[PDB]
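S.K.:
4 protein chains.
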Amino acid sequence: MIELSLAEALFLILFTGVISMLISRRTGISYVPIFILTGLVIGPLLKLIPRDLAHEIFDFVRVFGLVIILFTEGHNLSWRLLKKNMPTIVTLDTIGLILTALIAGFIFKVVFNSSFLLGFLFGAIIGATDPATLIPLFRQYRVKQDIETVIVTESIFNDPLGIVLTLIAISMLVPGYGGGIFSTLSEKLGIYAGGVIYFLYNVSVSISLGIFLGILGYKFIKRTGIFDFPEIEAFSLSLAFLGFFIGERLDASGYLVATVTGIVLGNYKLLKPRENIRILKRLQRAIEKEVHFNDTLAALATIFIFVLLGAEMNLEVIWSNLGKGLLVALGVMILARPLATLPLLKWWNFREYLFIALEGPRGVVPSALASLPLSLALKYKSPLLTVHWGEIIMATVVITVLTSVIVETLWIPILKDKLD
Amino acid sequence: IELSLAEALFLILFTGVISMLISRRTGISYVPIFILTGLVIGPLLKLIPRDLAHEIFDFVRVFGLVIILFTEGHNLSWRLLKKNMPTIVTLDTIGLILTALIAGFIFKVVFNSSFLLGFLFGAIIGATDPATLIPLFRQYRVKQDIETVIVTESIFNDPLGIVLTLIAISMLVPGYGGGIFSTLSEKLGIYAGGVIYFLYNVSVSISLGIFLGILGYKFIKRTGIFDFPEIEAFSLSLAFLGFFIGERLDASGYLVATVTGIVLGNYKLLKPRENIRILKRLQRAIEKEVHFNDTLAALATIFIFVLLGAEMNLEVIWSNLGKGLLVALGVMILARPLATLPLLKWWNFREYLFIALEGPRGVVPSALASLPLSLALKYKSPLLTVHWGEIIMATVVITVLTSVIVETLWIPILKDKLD
Amino acid sequence: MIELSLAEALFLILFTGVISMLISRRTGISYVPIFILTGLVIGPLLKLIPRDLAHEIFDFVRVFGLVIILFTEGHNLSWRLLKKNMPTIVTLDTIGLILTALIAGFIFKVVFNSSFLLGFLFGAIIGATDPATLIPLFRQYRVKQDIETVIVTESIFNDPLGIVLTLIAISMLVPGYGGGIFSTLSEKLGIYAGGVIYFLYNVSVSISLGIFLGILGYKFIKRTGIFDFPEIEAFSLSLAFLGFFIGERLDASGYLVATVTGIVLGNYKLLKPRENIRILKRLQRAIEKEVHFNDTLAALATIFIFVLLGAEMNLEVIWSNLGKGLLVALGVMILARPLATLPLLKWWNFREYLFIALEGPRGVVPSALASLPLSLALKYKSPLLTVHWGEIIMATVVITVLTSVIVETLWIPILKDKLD
Amino acid sequence: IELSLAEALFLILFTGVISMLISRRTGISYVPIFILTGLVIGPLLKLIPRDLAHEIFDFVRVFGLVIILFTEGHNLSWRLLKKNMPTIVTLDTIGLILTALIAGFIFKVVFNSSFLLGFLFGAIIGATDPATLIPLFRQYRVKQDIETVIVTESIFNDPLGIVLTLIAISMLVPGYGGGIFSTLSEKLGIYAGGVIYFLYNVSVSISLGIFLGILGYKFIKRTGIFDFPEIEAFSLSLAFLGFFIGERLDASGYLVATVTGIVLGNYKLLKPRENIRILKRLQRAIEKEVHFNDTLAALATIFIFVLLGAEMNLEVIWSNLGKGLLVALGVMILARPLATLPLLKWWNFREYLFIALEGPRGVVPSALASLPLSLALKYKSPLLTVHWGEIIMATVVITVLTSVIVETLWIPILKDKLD
Ligand SMILES: CCCCCCCCS[C@@H]1O[C@H](CO)[C@@H](O[C@@H]2O[C@H](CO)[C@@H](O)[C@@H](O)[C@H]2O)[C@@H](O)[C@@H]1O
Ligand SMILES: CCCCCCCCS[C@@H]1O[C@H](CO)[C@@H](O[C@@H]2O[C@H](CO)[C@@H](O)[C@@H](O)[C@H]2O)[C@@H](O)[C@@H]1O
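Chains as they are written, first to last, in the authors' numbering: chain B, 1 to 420; chain A, 2 to 420; chain B', 1 to 420; chain A', 2 to 420. A prime marks a further copy of an entry chain.
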């Protein structure tokens with residue numbers, strides 16, 4: 001079939017998305033696994049959408065959708081609230097993310113023999129976190145104000161970072177894919193240390209440039225004074241993708257850049273008392289509307305990601321490695337998190353921290369990166385990265401997300417009473 | 002790969018923003034600014050690979066159009082249609098087709114091209130979109146009913162302006178797509194077959210259209226979905242469903258989507274059935290949904306215009322503007338009136354001359370500008386030399402530009418000097 | 001596989017061609033059906049070459065190969081020898097070709113219900129003749145000098161003409177494919193008469209223009225005086241394809257044009273006694289070499305055509321309609337020819353003509369046009385021309401060529417003694 | 002579709018003919034005339050769509066090359082090779098590679114491009130083909146052995162000039178094709194891995210080459226085929242077989258074919274086995290076959306050159322000729338000698354300087370000119386920006402032109418002033 005098949009796919013996607021959201025609206029079950037299972041049914045079960053096409057879309061979505069999503073997530077948070085607990089988090093992401101990634105790598109490595117790189121990329125994928133399916137649930141069981149903040153921040157920050165780790169890990173697996181400066185710093189200064197140097201490098205660059213472009217955007221809106229639709233929205237998207245582009249060109253993760261810009265505009269209010277208020281309020285409201293708009297967009301993107309992930313998976317590989325994946329998953333949930341969150345114990349009680357450690361689930365970003373290695377393997381051949389291992393990784397990640405979301409979402413309340 | 006895409010989207014959207022700025026503060030209509038800026042971005046700076054832009058255009062040509070026409074379908078009043086339904090119907094069937102033919106004759110006798118090619122050009126330049134005229138309407142206080150009938154004309158010509166292109170296109174491909182139209186053409190000749198095919202198309206499209214609209218509303222009732230993002234996802238879903246099925250039955254999915262848009266945009270009808278209580282809520286929810294979609298459609302519009310700007314090549318358009326302008330003036334001065342003269346029986350002569358004269362060509366042709374060239378270049382069909390493609394496309398560009406601008410300058414003079 | 005699969009295909013083609021030619025060199029059996037069967041084996045039997053790829057090549061070959069072949073065939077004959085029997089032949093081709101085409105159309109029509117057009121195109125395909133596999137055989141059994149000439153001429157002339165009929169017939173089946181002037185003359189003056197008017201038209205145009213370009217070529221070689229390789233060869237090809245191009249642009253069969261040019265250069269010797277002989281002999285020999293070269297080329301092309309035809313066929317359709325095809329074939333052989341060659345009886349005896357009528361076989365051109373309708377059906381969809389009918393036509397043609405060549409080649413000698 | 006193709010072939014071949022004419026009567030070498038005429042035909046007249054020409058080039062790049070290199074393999078003397086085999090081997094391995102590297106350094110420091118891109122450029126401009134020099138050789142009476150070693154250098158550099166390109170190309174594609182070279186690069190680094198890969202390639206290619214050659218001759222004996230067209234079909238068949246299998250085992254099929262060409266061209270060897278009676282006949286049959294194939298190869302050569310002429314775009318080449326010429330002079334004056342200095346140990350200094358200086362770049366680079374651009378444009382690989390492609394290609398054009406012409410003008414002066 002021709003591009004009308006793509007449209008058909010689109011309709012099926014959105015429709016099923018709506019349906020699933022209805023299920024969640026009508027049943028306390030999180031919408032994520034519903035999305036996934038729905039994708040599975042709509043895909044492999046009924047062969048309505050083929051995996052090849054599914055992936056063909058999935059790359060596009062993997063880019064744009066994630067950009068929008070991350071940007072918006074950038075918009076959502078509040079800098080004061082994060083500054084409140086700033087020292088805690090930076091370590092938390094940096095150490096946790098990497099440590100979780102590394103240890104799970106070791107974890108993955110044992111279950112199926114693989115060069116570390118494979119494991120490390122697995123963890124790098126599972127790196128990110130998404131308690132977006134818990135945030136409502138927290139309010140639903142009188143969860144304290146304080147921790148929700150730091151967790152939210154953790155997710156919003158680690159989402160792009162998991163990618164970086166992933167892109168780093170992948171770059172290690174395939175020579176040409178690695179950017180220039182990484183290659184240089186690697187050959188020159190080893191891979192272990194090179195990873196770190198490039199880490200601090202691209203992080204610093206990305207965040208700084210993100211700030212730059214962000215405030216530049218703010219000033220632009222200031223002078224231009226665009227309070228009316230749709231130019232503000234268009235400008236927003238253009239800005240995000242700009243940050244992403246430039247960021248990626250300079251061998252950095254443009255995702256983090258855009259995200260950062262989102263944080264800026266989302267939490268930047270600098271003005272001279274000489275300035276009128278006729279414009280500040282207009283820009284405020286404008287920003288608000290644009291934000292909500294992109295919230296909708298990001299929602300769409302999210303739905304796409306989960307469902308497509310659903311129709312992406314190969315049942316055979318899954319079932320074949322069903323159990324193993326499970327062990328890996330629960331293992332990750334109950335070992336990777338607590339062990340990588342140990343060095344925060346000096347800030348909260350042996351009981352207190354246990355919650356936030358044991359609670360962290362895995363969602364969007366890893367769901368979107370599950371097919372990436374497979375994508376490459378299909379696109380480019382490499383002995384280090386077999387297609388086989390691609391399918392394996394993807395399957396395991398699927399299981400991981402499922403298990404994580406389900407178990408965490410289910411066992412939240414029990415924790416509360418049993419800890420507070 | 003995707004990096005270049007990101008760059009492109011960035012500069013396009015940014016471009017659009019800037020263009021809306023300069024249009025805002027200079028008061029000039031935004032469209033020509035769009036086209037010219039796109040011109041800058043593609044060929045002038047050589048920043049954008051024309052062919053990639055062509056790919057993106059291949060993307061937008063269906064989806065952007067679907068969305069745009071859907072939202073257009075929303076912004077409609079069934080009542081105001083009901084008032085002048087015969088005027089409209091006469092204007093969008095007979096008038097449109099006649100316009101196509103006439104334009105065809107023009108193109109033929111100006112380029113020595115085959116009449117089929119000319120007719121293709123006509124079909125492409127059929128649809129109109131005077132969204133830029135509206136502010137001038139409410140500003141110079143043009144009579145309401147006129148504005149209404151013109152608008153309602155556009156909303157209907159946009160999708161009908163598409164099928165006719167697909168017709169001529171299908172006529173160029175020797176196999177005729179092996180579709181219904183092929184058969185009809187074989188059993189009754191191309192003319193008759195074409196007519197019957199048209200009627201089939203429109204009929205089924207509208208029936209299935211209102212069908213899906215109703216099914217949609219009903220679905221909302223049973224499901225009771227009133228919140229973002231569920232409602233929007235639903236809307237898009239329905240749109241593309243309509244389109245997909247539409248084309249699946251060889252009918253203009255665009256027409257279908259538009260019709261569904263009409264349904265939703267004009268559905269306070271089954272309100273007295275259920276308690277109005279929740280119904281008001283769904284009404285306003287639909288309203289905000291519509292607004293959102295309006296924004297989307299605006300975006301897609303920007304895409305289309307700017308991309309059209311970038312895709313053209315100055316060599317051809319220059320070498321052929323000397324004739325091109327003449328073609329444009331030609332259609333503006335001859336095609337519309339001769340096609341709208343049957344409408345003289347209902348309305349006044351002055352009113353007639355006005356509504357005929359004021360006929361700007363907008364988005365839809367721009368979206369179909371590259372289409373013949375694309376099909377020619379891709380399918381490598383013998384009847385469609387690529388040069389012909391460039392010719393048509395350029396001609397379309399000229400036409401659009403000139404039409405939009407002089408129509409935009411017509412009003413103040415055109416009103417007072419006759420009405 | 002990538003374009004190396006095409007190369008593989010090439011090797012297989014030529015190799016098997018060589019093999020088959022060895023068989024014919026080592027066994028009196030004509031090389032044509034050997035080629036075909038070889039193609040069948042190498043194709044459908046072993047799936048070494050897929051039908052899709054096979055056809056993809058087959059279009060290319062269908063063009064260029066035929067051009068070269070027809071051109072060379074143009075070169076081969078001698079104008080004096082044809083002028084000897086000129087009145088006989090013109091009628092013979094014109095009437096026979098059309099009549100054979102028409103009657104076989106009726107013949108095809110009865111065996112399987114079809115609109116005439118289908119039958120007419122069948123006959124149009126079977127139109128051409130190729131006794132190239134008999135020409136040696138004639139010498140092998142002391143066949144008289146006279147008839148071989150007229151038959152040779154008949155083939156060389158009817159080969160392009162069968163195409164025209166075919167292209168005409170096809171054009172009738174698919175609207176857009178028909179050229180401009182045919183369309184006009186058809187709508188204006190009916191299809192029956194339109195066919196004739198366009199026939200005389202494009203024939204006259206093609207032959208005239210062919211002469212023009214031909215002598216133009218001769219003069220060019222004269223002034224330029226290119227006696228050395230390879231410029232003469234390149235120029236030859238360029239000329240042929242030129243004639244073909246221009247011919248096709250003016251809604252005429254460029255094949256016939258090129259062929260005609262070939263006839264010209266092959267048999268044109270005009271010079272002033274004032275002119276030296278140092279150049280005439282050089283151009284003579286040059287022409288000779290170029291001719292032989294293109295003979296080789298044409299041979300290659302021929303091999304391609306037959307073998308690819310072999311790997312093109314669908315065994316299922318064949319077997320399904322095996323018998324029917326046979327009846328059609330022998331029917332054609334024993335009815336179409338004699339009945340369409342009746343009006344030459346006023347020139348030769350009731351016995352004499354019977355030979356040349358009953359002997360005409362069908363070869364190259366029809367072998368190359370067997371897949372054309374199918375080609376279109378696959379490329380373009382049309383209710384009048386189903387893919388089904390495409391496969392059918394192709395199969396029937398295959399059977400026809402096989403049967404024709406085999407039976408004629410086998411039963412030649414018996415005729416001689418039993419008639420002379 | 003095919004109509005345009007026919008037009009193209011017509012004008013190309015005709016063009017070639019004319020070019021050979023003007024080259025014949027003006028005495029000037031035919032190659033630059035080829036390139037310039039192609040220039041006329043493609044961009045100048047806009048007669049030929051550059052991209053279609055690119056397609057055709059994609060066709061010729063394998064087949065034309067296979068034939069050309071095969072026939073080249075024929076025209077060879079095993080004896081004369083045996084004489085200076087070490088000189089040759091040293092010249093085609095170490096010398097060639099060194100030339101590539103040096104050119105790479107140049108390209109890098111002149112365009113700021115990555116060293117890999119430069120090296121790609123080097124690999125492309127590696128191979129040489131001085132077929133235009135031969136007449137000047139026999140005319141100005143250059144020493145025989147020199148001519149021989151240079152020729153035998155070319156015949157071997159042509160295919161080796163290809164693999165190195167495929168190397169750098171493979172290096173650009175991140176997956177490295179997942180081939181042997183990938184593995185070797187992973188286990189031993191790109192340098193070592195590349196070397197070992199090279200040795201593997203050459204070894205297997207030659208072994209299998211002579212294998213197929215022998216198998217070919219033997220086949221002829223058993224089959225006793227001495228006549229057109231059987232013999233020719235056979236030849237081509239064998240060539241493409243060699244190529245196919247060659248590439249199937251990730252080896253340069255070009256190298257294989259060339260080697261088989263060497264085998265056939267130099268096989269009077271097993272004559273004393275069988276009665277020479279029929280053997281003389283097969284010998285001469287092989288001779289005429291070779292001649293035929295020579296004609297073919299000439300044709301393909303014309304194709305390649307003219308097409309190269311048509312494919313380029315004057316904008317880029319102009320905007321970058323200022324540097325381009327410098328790059329060319331650069332390689333001619335620096336790359337060869339520094340790469341041929343190890344050959345100083347065998348031959349005299351004057352002879353060395355001569356054979357080094359006189360190093361024209363011919364067909365093979367021209368065939369690989371568009372290849373990086375093609376792969377970049379098609380695969381859309383991130384490391385290969387299309388602009389880079391245009392740059393490389395143009396640079397190659399400049400290089401070829403200048404090299405050929407100044408080398409062609411070198412000889413008369415270059416001989417007497419030092420030898
Ligand atoms: C700018 C002019 C003032 C207008 C403010 C715009 C609305 C911002 S307030 C904005 O409202 C949402 C939908 O009503 C609420 O979202 C809530 O989430 C709940 C979680 O199950 C759902 O029941 C929703 O129905 C809603 O009650 C609230 O969490 C959010 O903060
Ligand atoms: C121009 C200088 C003189 C050289 C003349 C070139 C050769 C032209 S003569 C040219 O020779 C062919 C191959 O030997 C012959 O072809 C013959 O056909 C026979 C049919 O089974 C085969 O046995 C062949 O071996 C050969 O004897 C002959 O029919 C043809 O006419």
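Ideal Cβ positions, reconstructed from N, Cα and C, are used throughout, including at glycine.
Let me know if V110 (chain A') comes out buried or exposed under the rule of 16 or more other beta-carbons within 10 Å of its beta-carbon.
M.R.: With fewer than 16 Cβ atoms within 10 Å of its Cβ, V110 (chain A') is classed as exposed.
S.K.: Give me the chain B' residues within the contact set of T184 (chain A), using Cβ-Cβ distance strictly less than 8 Å, ordered along the chain.
M.R.: Near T184 (chain A) (Cβ distances below 8 Å), the residues of chain B' are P383.
S.K.: Is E154 (chain B) close to ligand 1? I mean its beta-carbon at under 7 Å from any heavy atom of the ligand.
M.R.: Answer for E154 (chain B): no, Cβ out of range of ligand 1.
S.K.: Since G65 (chain B) and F304 (chain B) are thought to touch, with beta carbons under 8 Å apart, how far apart are those beta carbons, to the nearest angstrom?
M.R.: Going by Cβ atoms, the distance from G65 (chain B) to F304 (chain B) rounds to 6 Å, so yes, they are a contact pair.
S.K.: Could you work out which residue in A':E248, A':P50 and A':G214 is closest to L270 (chain A') when comparing CA atoms only?
M.R.: Ranking the options by Cα distance to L270 (chain A'), first place goes to A':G214.
S.K.: Kindly indicate the opening and closing residues of the alpha helix (DSSP H) around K144 (chain B).
M.R.: Looking at the DSSP string, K144 (chain B) is not in any alpha helix (DSSP H), and its letter there is neither H nor E.
S.K.: For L4 (chain A), return the contacting residues in chain A', with the cut-off set at a CB-CB distance below 8 Å.
M.R.: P383, listed in chain order.
S.K.: What residues of chain A sit near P230 (chain B), judged by a beta carbon separation below 7 Å?
M.R.: Result: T296, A299 and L300.
S.K.: Closer than 8 Å, CB to CB, is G74 (chain A) near chain B' or not?
M.R.: By this cut-off, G74 (chain A) is not an interface position.
S.K.: Within the chosen definition, does the stretch 355 to 363 of chain B' reach the stretch 333 to 342 of chain B' through at least 3 CB pairs nearer than 8 Å?
M.R.: Counting Cβ pairs under 8 Å, three or more are found: they touch.
S.K.: Nearest CA to the CA of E187 (chain A'): which residue from B:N276, B:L384 and B:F15?
M.R.: Measuring from the Cα of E187 (chain A'), the nearest candidate turns out to be B:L384.
S.K.: Are the beta-carbon atoms of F235 (chain A') and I226 (chain A') separated by less than 8 Å?
M.R.: Closer than 8 Å, so yes.
S.K.: For ligand 1, any of its heavy atoms closer than 7 Å to the Cβ of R285 (chain B)?
M.R.: Indeed, a heavy atom of ligand 1 lies less than 7 Å from the Cβ.
S.K.: Pull out every residue of the stretch 349 to 362 of chain A' whose Cβ sits closer than 9 Å to any Cβ of chain B', in chain order.
M.R.: If the cut-off is 9 Å between Cβ atoms, the stretch 349 to 362 of chain A' has nothing near chain B'.
S.K.: Taking buried to mean at least 16 other C-beta atoms within 10 Å of its own C-beta, is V150 (chain B) buried or exposed?
M.R.: Buried, because 16 or more other Cβ atoms sit within 10 Å of the Cβ of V150 (chain B).
S.K.: Could you give the residue range of the alpha helix (DSSP H) that holds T296 (chain B)?
M.R.: Taken as a continuous stretch (DSSP letters only), the alpha helix (DSSP H) holding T296 (chain B) covers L280 to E312.
S.K.: Would a C-beta distance cut-off of 8 Å place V397 (chain B) and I126 (chain B) closer than the cut-off?
M.R.: Against a cut-off of 8 Å, the Cβ pair of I126 (chain B) and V397 (chain B) comes out as a contact.
S.K.: Please identify the residue among A':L216, A':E8 and A':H55 whose C-alpha is closest to the C-alpha of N314 (chain A').
M.R.: Nearest C-alpha to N314 (chain A'): A':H55.
S.K.: In the DSSP assignment, the alpha helix (DSSP H) including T133 (chain B') goes from what residue to what residue?
M.R.: Element bounds for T133 (chain B'): n/a, residue is neither H nor E.
S.K.: Taking 8 Å as the CB-CB limit, is residue 436 (chain A) close to chain B'?
M.R.: This structure leaves residue 436 (chain A) out entirely; chain A is present only between 2 and 420.
S.K.: Would you tell me roughly how many angstroms separate the C-alpha atoms of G190 (chain A) and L4 (chain A'), rounded to the nearest one?
M.R.: Straight-line Cα distance between these residues: approximately 29 Å.
S.K.: Please name the residue, chosen from A':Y218, A':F245 and A':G310, that lies closest to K272 (chain A') on a Cα-to-Cα basis.
M.R.: With distances taken between Cα atoms, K272 (chain A') lies closest to A':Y218.
S.K.: Cβ of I68 (chain B') within 8 Å of Cβ of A298 (chain B')?
M.R.: A contact, by the Cβ cut-off of 8 Å.
S.K.: Our contact map puts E73 (chain B') next to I156 (chain B') with C-beta atoms below 8 Å; I'd like the distance itself, whole angstroms only.
M.R.: With 8 Å as the limit, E73 (chain B') and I156 (chain B') qualify as a contact, their Cβ atoms being about 5 Å apart.
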